[PDB]
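Structure first, then comments.
Rule-based calculations on the coordinates, nothing more; no lab input. So basically every Cβ, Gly included, is an ideal-geometry build from the backbone, and we count neighbours across all protein chains shown.
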Amino acid sequence: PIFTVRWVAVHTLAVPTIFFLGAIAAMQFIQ
Amino acid sequence: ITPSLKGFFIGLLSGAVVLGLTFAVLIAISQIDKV
Amino acid sequence: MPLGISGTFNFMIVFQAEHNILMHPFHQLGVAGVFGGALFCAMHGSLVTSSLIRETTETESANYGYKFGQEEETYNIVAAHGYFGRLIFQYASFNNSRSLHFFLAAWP
Amino acid sequence: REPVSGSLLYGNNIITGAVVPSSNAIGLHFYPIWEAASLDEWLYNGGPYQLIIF
Amino acid sequence: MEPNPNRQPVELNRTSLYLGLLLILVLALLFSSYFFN
Amino acid sequence: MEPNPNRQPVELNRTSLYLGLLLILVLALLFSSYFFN
Amino acid sequence: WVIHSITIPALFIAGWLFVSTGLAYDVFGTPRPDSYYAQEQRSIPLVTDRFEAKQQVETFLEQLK
Amino acid sequence: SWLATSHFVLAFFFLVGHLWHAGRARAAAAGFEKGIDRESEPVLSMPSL
Amino acid sequence: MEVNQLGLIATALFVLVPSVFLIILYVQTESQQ
Amino acid sequence: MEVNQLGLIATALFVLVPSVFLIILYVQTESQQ
Amino acid sequence: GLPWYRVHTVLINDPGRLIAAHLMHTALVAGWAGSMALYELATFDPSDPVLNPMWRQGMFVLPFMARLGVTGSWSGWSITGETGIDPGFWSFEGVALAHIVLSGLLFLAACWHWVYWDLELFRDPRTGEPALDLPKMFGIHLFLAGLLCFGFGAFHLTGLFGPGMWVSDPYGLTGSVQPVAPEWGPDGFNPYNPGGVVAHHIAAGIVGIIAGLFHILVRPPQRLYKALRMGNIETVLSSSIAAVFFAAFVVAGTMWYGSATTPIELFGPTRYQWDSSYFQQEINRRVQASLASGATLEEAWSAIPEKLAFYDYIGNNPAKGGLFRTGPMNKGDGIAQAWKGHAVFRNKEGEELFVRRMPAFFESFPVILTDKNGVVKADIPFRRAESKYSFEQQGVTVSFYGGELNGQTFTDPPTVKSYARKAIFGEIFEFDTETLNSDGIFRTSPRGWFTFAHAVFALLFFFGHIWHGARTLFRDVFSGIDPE
Amino acid sequence: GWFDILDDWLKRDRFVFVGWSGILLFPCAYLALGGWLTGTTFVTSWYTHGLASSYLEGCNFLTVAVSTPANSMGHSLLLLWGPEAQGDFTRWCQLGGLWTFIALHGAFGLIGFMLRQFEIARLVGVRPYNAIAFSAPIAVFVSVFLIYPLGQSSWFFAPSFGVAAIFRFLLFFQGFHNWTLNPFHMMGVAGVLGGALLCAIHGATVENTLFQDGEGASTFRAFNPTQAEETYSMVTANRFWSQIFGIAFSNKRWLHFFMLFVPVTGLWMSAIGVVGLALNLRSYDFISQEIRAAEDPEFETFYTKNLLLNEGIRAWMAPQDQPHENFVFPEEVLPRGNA
Amino acid sequence: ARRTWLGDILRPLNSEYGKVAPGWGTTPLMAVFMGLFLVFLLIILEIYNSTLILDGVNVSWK
Amino acid sequence: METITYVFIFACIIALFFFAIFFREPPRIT
Ligand SMILES: CCCCCCCCCCCCC(=O)OC[C@H](CO[C@@H]1O[C@@H](CO)[C@H](O)[C@H](O)[C@@H]1O)OC(=O)CCCCCCCCCCCCCCC[C@H](CC)CCCCCCCCCCCCC(=O)O[C@H](COC(=O)CCCCCCCCCCCC)CO[C@@H]1O[C@@H](CO)[C@H](O)[C@H](O)[C@@H]1O
Ligand code: CLA
Ligand code: CLA
Ligand code: CLA
Ligand SMILES: CCCCCCCCCCCCCCCC(=O)O[C@H](COC(=O)CCCCCCCCCCCC)CO[C@@H]1O[C@@H](CO)[C@H](O)[C@H](O)[C@@H]1O
Ligand code: HEM
Ligand SMILES: CC1=C(/C=C/C(C)=C/C=C/C(C)=C/C=C/C=C(C)/C=C/C=C(C)/C=C/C2=C(C)CCCC2(C)C)C(C)(C)CCC1
Ligand SMILES: CCCCCCCCCCCCO[C@@H]1O[C@H](CO)[C@@H](O[C@H]2O[C@H](CO)[C@@H](O)[C@H](O)[C@H]2O)[C@H](O)[C@H]1O
Ligand SMILES: CCCCCCCCCCCCO[C@@H]1O[C@H](CO)[C@@H](O[C@H]2O[C@H](CO)[C@@H](O)[C@H](O)[C@H]2O)[C@H](O)[C@H]1O
Ligand SMILES: [Fe+2]
């Protein structure tokens, strides 16, 4: 239970970052 | 109602709903606190 | 370099042909060096003009109130600090002018 | 033979006008006044460039 | 009667004379080339 | 030191502004015809 | 230091799969490493006009070899 | 091509470096390297052009 | 119709420079205290 | 070489009128007091 | 004790002296629009409106007067050229002179208010200091404007009492001025249909009145009034810029893109008529049908109107031209004399060739010869090149159809490429070069100039909208920052 | 205090400061960036430009970006539902509608930053020369990414929001629009450099004049920001520059205000030119020399030599850059040198 | 304080400079139209780009 | 004509420099 102060910032920002890092790495092993 | 006309209607509706929701959230959140 | 305003343009373009300078990294920093110079030149120019202890009337020019040789501080740091300190997070505001101005002259 | 007129007297706006650098025929050689055969020779090969930048 | 109590003299110190005299000529020096065309 | 004790301000009243502004234009109005030629 | 040994690993593996699964292909419609030129016919499948492209993209893609 | 590139860039800096310390060296010997002195500014009393 | 190409500048300078020179002197006088 | 025939007046007015307008204001200021 | 760029602040509160300014400004604008009209008119030639129109003539202000239905003059020449005249008092000099006389009567009026600044009207009882009611002053002007809108919409455009708006065919062939029947419905928002534009104002004026009625009748709310700093004149200035700043785009839009507000006859065809190949599709379709009707293939191209073809040209469209290239379009290539015809290139075997028409970008474009397959079966080398597909090698037969000369075959390097280098510009034309002393280098039409002036001036007022906008809110603090 | 309580919540003190603009900004901003990365990684540009630059095929960091919808796709705004996308997501990315998704959400976001840069002021008390200074990128952003495309056949002509993308946009002007010679762009190169220059010369001077408040050699920590007199003597710096370059600044006020001025005025007078170039009014051949060039081939200027360059760029770049036009140039026709 | 014919006529008009509708007055009815106008203006834009095709409208010329 | 304007314009620049360097009013302290 986090009302909006700080938590809402990083967790709506850095979370997708972790999700793209999948795309980055998992790509480099294609081809 | 063209696919375009209808689509535009949909778009506007969604927009209003969102802004609506966002505003509601802010209000409630604002209302929640009471320094 | 042929020295002249068209000569210079001719130079770069031809220079671009052979050595592909754009993709070169060192240039790609030089751009940052120039912009961030011009950039900071705007902010550090702006923030201090923004904050002016007022010795002037509204009708009179705002500049003339500064007396050459004022030993007063003509611009509030405390006021302008929190400004940039609120605009972005308060951590990066560079409290120290002597710290700032150096970094102002290192980047370009 | 392509001579280039970057001079201002010949039909050149400030924009187009420039001092032409030295020729390739002169290469990189130090090319002062006296070393050149004739005065007009020293200009025709792009002396004044090599003179200014030094 | 009353000649508009609100008036002020216009002041331009010596410096701000130069900048303009500099700025104008430069812009001319820059834009004269195109005006001839 | 002493900035030339001898100086005077130059004074031209409103009238002598008109005469010139009149005279100049007239001479121009008279001599512009020849300058075009 | 509680759920940050949980969230990150389970989440980061998702991105790992959408490439591996190739789910990102038909989601974002990127061409597949073998899929550009159907048959041979080497030419740009360039989409052209409006009120079409949804149908026109479905010609270039339709062949696919 | 590498060496001539490399050593140049380095050689360039050392020009700056030379022009750096030579500043700090003499100013140090001159004693005011520590910053201008607020008590008496050297410029403060000079003929004013 | 055909004309002296530069003759126009003649008028302008002959109009403005003498004119201006009268203004500048005048505006001064207006500033006299 | 060939040129815009009137382009010369452009410069002159663009030079003088802004210039002059700065002088006139200035000479005034000099007369203040 | 004031900077040179603040000097007009002195008006800040002198509501009398203020009214003097706006007048003098107003009187000074009319004098422009009056004078420019004559000057534009002074150099205008009615002579050949069919081939050489008013847009191509460099004339800028003039085509507006025509846009509202002012046509002809005392000189006895109509716009469309038939020169049967019943011009009435209202014509180009008339419209012009009317403004000049207007400029005068305002200029004098300006001196009055400037002389008497103090007026018992401008100072409310409770405060000796000058004031005026910004909410109340607004309602009037609005209620007055809309009442001038509804009027303009009803009585003038409709042709009810008045002349009608300009209106044209889509091809720009039919010059016309008629009363426009207002049509307000789903189509009414197609700007290519003026039938909305009428109904617009008539619909605007009503909404113009009702609002103007309202604000006069009631004062704005407290909490709002406090925020916007109403009563500080600048807050009217800041806001007012935005609206103008806003409109400055919309006109640029409707000028730069086509709008039935601005017909193709008066203003040169928009940039997009060329790129879509709007004309050539619609020139050929009447030629095809003419040959689908049947005739000598020459006879088909023979009856095609020049003015239509003349709209199809590369130097025509506004996109092609320089900034500092100045003067009327005619100064570019000369005056348009007559229209050669449709240059058809054959293989030397008879197979028809197509030129690759010049896109709006390139200033110098490679002249190519292509066929229905898009392959290049002939070309031109740059200066020195080994010969493949060089038409002098592989043969060419150019035969003009329609227009001035017909069935006249040219085969040779020198004459063909003379046209081949012109052909890529679109349909060929004879030009009188020296009469106006044209260089042969293109220049932009009015539709271009009008736009660039507003887009720029718009983009400024943006910054203008901000600067004052900052000084309405901060007029308290703006004098200077307070210690800590 | 319904509306009231909402206000003071937004205006309260927290880690960052979310103002009324924040409601507009963060959603509009975070999507722009949030969009750009996504389109960078996954969404190809293939069906649009026929050439795939995007992060998921082989392409590097520098050469990826979000291309633009094609020319014959026209100026339509490409909404997510739209007539064309018809609410289909995939084909809405392939058409590059994601591009427009970036610009518009960017612009409003970009605006929302400006407003914030006001809303800070009124509740702080600073004068708003910051926001006003920030209007220059606005003008630049709006002119380049919005006014310029609209002055063309479609959105297709516009920067593609990438490192290498912006470069094919650069040479794109030099070949066609002959941009360097446009005088409105020379005022720009003044501004930027004139900004960078004076940026460095200010930072250097004040760094070379310090009252020595501290002991240790390094003076950074030597500074105490409490009600101090000016940390650096203007007296020295003045008489200093006046004897070298000859002209100095005697006003801390007039100085800094002159810093704010030049970069700003540098961009605006550039943002004018771009608008002027949206209409293809581009500064180009001087009628003087060109006619003179028609009086002999031998006459040559560093101007004339550019026209060949700007000619070559066009011909070579055209087929790849603009496939939609379906240009095929023959070989000899390319304006090769040695001819 | 020069009171002329018009000046005597009009002045009773704008005499009320300080009286302001107390409280929110009518704000809401304004914000209704403004939002409605925005949706309105958007519909113009959607039309003119041919993003929105109404049946019978043609952004083609006439 | 053409050139002689540039030299003129460029001249007054120099005539400003020399003029603006030496003849500036010294900004005295206090
Ligand atoms: C139809 C048309 C109608 C148009 C009508 C209007 C026309 C436009 C009018 C605009 C002009 C008016 C104007 O400029 O006013 C200034 C304006 C307002 O300022 C205000 O003025 C007073 C109120 O009247 C009050 O004081 C008020 O508070 C306020 O100050 O300023 C602005 O609002 C901002 C607008 C700025 C415009 C741009 C100015 C800068 C650009 C200049 C031209 C750039 C040209 C670029 C290309 C150039 C060249 C190659 C040939 C030039 C080469 C030299 C370039 C380097 C020098 C350029 C300037 C460098 C910075 C110095 C500026 C400066 O302030 O120093 C001044 C005096 O210096 C000069 O004037 C420079 C002269 C040349 C020097 C060259 C050195 C030679 C070296 C040789 C080599 C040696 C080895 C003094 O310093 C300041 O003076 C005052 C200022 O307030 C004060 O004392 C300060 O503290 C400080 O001392
Ligand atoms: C119609 C719109 C409008 C109006 C009524 C005003 C009115 C005013 N502005 Mg202003 N302004 C506007 C647009 C407008 N501005 C725009 C678009 C910008 C951005 C460029 C500005 C930027 C601006 C600044 C930065 C400042 C003002 C200031 C002022 C006030 C004093 C003006 C002054 O002394 O300047 C006098 C200026 C001169 C005597 C020089 C004029 C020479 C210019 C450069 C060229 C003019 C030539 C010719 C007229 C060109 C035609 C213009 C074209 C559009 C047709 C005055 C209330 C000042 C103010 O309020 O502070 C006290 C101030 O500081 N304005
Ligand atoms: C909305 C304004 C507007 C527009 C669109 C036009 C458009 C036009 N005018 Mg025109 N005109 C205007 C206002 C306008 N005028 C005004 C106010 C006057 C009175 C002075 C005139 C006087 C006039 C004459 C006397 C003539 C025209 C003509 C023409 C036509 C040919 C183009 C031309 O001559 O321009 C040339 C355009 C340029 C040279 C553009 C460059 C101008 C520069 C960029 C402006 C200055 C910028 C400034 C220096 C920036 C400094 C930066 C600094 C502030 C930091 C064209 C249709 C000609 C004609 O008959 O038509 C064929 C003609 O002979 N006009
Ligand atoms: C970045 C540009 C910018 C900036 C900094 C400002 C700043 C300012 N404006 Mg403003 N304005 C702008 C653009 C801008 N405006 C534009 C483009 C218009 C249209 C003409 C206006 C119209 C306007 C009016 C009418 C008024 C102001 C006022 C003001 C001032 C105070 C109130 C305020 O901030 O309202 C600015 C508010 C906004 C810019 C709204 C935010 C943006 C909206 C929500 C975007 C929504 C778009 C919508 C979803 C549809 C988009 C679809 C897409 C296809 C386009 C302030 C100085 C007021 C004033 O005078 O203050 C004293 C005032 O009365 N402005
Ligand atoms: C007392 C105060 C006076 C102030 C005056 C200051 C003048 C400074 C600028 C001078 C410009 C001279 C141009 C020379 C070319 C020429 O001559 O254009 C002429 C019209 O120009 C004009 O209509 C200039 C006005 C252009 C209107 C559009 C303005 C756009 C604003 C730009 C954005 C804002 C920054 C007409 O052209 C001439 O006449 C034409 C035939 O009539 C032929 O083209 C000739 O060869 C020749 O070109
Ligand atoms: C599904 C994903 C995630 C969930 C459900 C989650 C859960 C939570 C929750 C419920 C909180 C608030 C309660 C608490 O602090 O104990 C929190 C705090 C926090 N977590 Fe996460 N987390 C997630 C991902 C992440 C990620 C990717 C990061 C990357 C740094 C992160 C770092 C943090 C941080 C910095 C805080 C402090 C928030 C603040 O200070 O306002 N978490 N987490
Ligand atoms: C009084 C009177 C009268 C008279 C009138 C008149 C005669 C008037 C005139 C007036 C006029 C006839 C005016 C005009 C003027 C105009 C103007 C004044 C213009 C100017 C403008 C400007 C200044 C511009 C600017 C610019 C330039 C220059 C270039 C670039 C662009 C621009 C736009 C920026 C009468 C008899 C009726 C009677 C009654 C009284
Ligand atoms: C701002 C200060 C103004 C200082 C101006 C000084 C001008 C001095 C003029 C000296 C004589 C030049 O006078 C002018 O000469 C030029 C060429 O030089 C002639 O010009 C003639 O040949 C030139 C060749 O370049 C053609 O471009 C032009 O169209 C044609 O008229 C003019 O017919 C004449 O009017
Ligand atoms: C500190 C700076 C020192 C600068 C030193 C030089 C100062 C000299 C200033 C005057 C020089 C101008 O130079 C003069 O320009 C004019 C411009 O009309 C040229 O005259 C131009 O028109 C004439 C008229 O037919 C042509 O014959 C000529 O070929 C052409 O170039 C002159 O050929 C050139 O002699
Ligand atoms: Fe600074």
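Remarks
- The range K:285-298 residues that are in a helix (DSSP H, G or I), paired with ones that are among the hydroxyl-bearing types (S, T, Y) and surrounded by 15 or more Cβ atoms within 10 Å (Cβ to Cβ) (beta carbon under 8 Å, 6 or more apart): K:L297/K:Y401; K:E298/K:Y401
- Scan chain E for residues that are within 16 Å of ligand 7 (Cβ to nearest atom), aliphatic (A, V, I, L, M), buried (at least 20 other Cβ atoms within 10 Å of the Cβ) and within 14 Å of chain D (Cβ to nearest Cβ) and the total you get is 1.
- Across the range C:1-29, the number of residues qualifying as in a helix (DSSP H, G or I) and either more than 14 Å from chain D (Cβ to nearest Cβ) or surrounded by 15 or more Cβ atoms within 10 Å (Cβ to Cβ) (or both) comes to 20.
- Within chain J, the set of residues being small (G, A, S), at the interface with chain I (Cβ under 8 Å from one of its Cβ atoms) and under 27 Å from I:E30 (Cα atoms) comprises just one member, J:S31.
- In the set (1) within 28 Å of the chain's Cα centre (by Cα); (2) part of a loop (DSSP other than H, G, I, E, B), the condition left unmet by K:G448 is number (2).
- Test for K:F361: is it crowded, with 18+ Cβ neighbours inside 10 Å, over 30 Å from L:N178 (Cα atoms) and more than 16 Å from ligand 8 (Cβ to nearest atom): no
- Filter result for the condition that a residue is more than 7 Å from chain K (Cβ to nearest Cβ), farther than 27 Å from K:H141 by Cα and in contact with a helix residue (DSSP H, G or I) (Cβ under 6 Å, 6 or more places away or on another chain), over M:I53, M:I47: M:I53
- When residues of the range C:89-99 are limited to those that are more than 7 Å from every other protein chain (Cβ to nearest Cβ) and over 18 Å from the mean Cα position of the chain (by Cα), the one surrounded by the fewest Cβ atoms within 10 Å (Cβ to Cβ): C:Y91
- Note on the range L:224-328: enclosed helices (runs of 4 or more DSSP H) holding 2 or more residues that are buried (at least 16 other Cβ atoms within 10 Å of the Cβ) and basic (K, R) are L:252-278, L:304-321.
- Of the set (1) part of a loop (DSSP other than H, G, I, E, B); (2) touching a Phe, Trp or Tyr at 6+ places or on another chain (Cβ under 9 Å); (3) surrounded by fewer than 18 Cβ atoms within 10 Å (Cβ to Cβ), all apply to L:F211 but (3).
- Matching residues, chain N, being more than 13 Å from ligand 8 (Cβ to nearest atom), within 14 Å of chain C (Cβ to nearest Cβ) and among the hydrophobic types (A, V, I, L, M, F, W, C): N:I29
- From L:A164, L:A133, L:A158, L:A107, residue being surrounded by 21 or more Cβ atoms within 10 Å (Cβ to Cβ), small (G, A, S), within 19 Å of the chain's Cα centre (by Cα) and away from ligand 1 (no atom under 16 Å from the Cβ): L:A158
- The criterion of at least 2 residues that are in contact with a strand residue (DSSP E or B) (Cβ under 7 Å, 6 or more places away or on another chain) and of a type outside the set (V, I, T) is met by the following strands (runs of 3 or more DSSP E) wholly inside the range K:315-414: K:342-346, K:352-355, K:376-379, K:397-401.
- Residue within the range L:33-48 that is among the small types (G, A, S), away from chain G (no Cβ under 14 Å), in contact (Cβ under 8 Å) with a residue 60 or more places away in the chain and within 29 Å of A:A26 (Cα to Cα) present: no
- Failed condition for K:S479, given (1) farther than 28 Å from C:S51 by Cβ; (2) out of contact with any strand residue (DSSP E or B) (no Cβ under 6 Å at 6 or more places or on another chain); (3) polar (S, T, N, Q): (1)
- Filter result (more than 7 Å from chain L (Cβ to nearest Cβ) and within 16 Å of ligand 2 (Cβ to nearest atom)) within the range K:443-461: K:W449, K:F450, K:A453, K:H454, K:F457, K:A458, K:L460, K:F461
- Any hit, the range D:43-54, residues being of a type outside the set (A, V, I, L, M), more than 20 Å from D:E2 (Cα to Cα) and part of a loop (DSSP other than H, G, I, E, B): yes
- Scanning the range L:105-155 for residues that are in a helix (DSSP H, G or I) and of a type in the set (K, R) returns L:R116, L:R122.
So that you can scan it fast, the table gives a plain yes or no per residue for (1) crowded, with 16+ Cβ neighbours inside 10 Å; (2) assigned to a loop (DSSP other than H, G, I, E, B):
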{"site": "C:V31", "(1), (2)": "no, no"}
{"site": "C:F40", "(1), (2)": "yes, no"}
{"site": "C:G45", "(1), (2)": "yes, no"}
{"site": "C:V48", "(1), (2)": "yes, no"}
{"site": "C:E55", "(1), (2)": "yes, yes"}
{"site": "C:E58", "(1), (2)": "no, yes"}
{"site": "C:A79", "(1), (2)": "yes, no"}
{"site": "C:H101", "(1), (2)": "yes, no"}
{"site": "C:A105", "(1), (2)": "yes, no"}
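- Search result, residues across the range L:244-270 that are away from chain C (no Cβ under 11 Å), within 23 Å of the chain's Cα centre (by Cα) and of a type outside the set (S, T, Y): L:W268, L:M269
- Checking each residue of the range L:177-187 against the condition of being within 11 Å of another protein chain (Cβ to nearest Cβ), within 16 Å of ligand 7 (Cβ to nearest atom) and not in a loop (DSSP other than H, G, I, E, B) gives at least one match.
- Residues located in the range K:25-58, provided they are away from ligand 5 (no atom under 16 Å from the Cβ) and not polar (S, T, N, Q): K:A27, K:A30, K:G34, K:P46, K:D48, K:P49, K:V50, K:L51, K:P53
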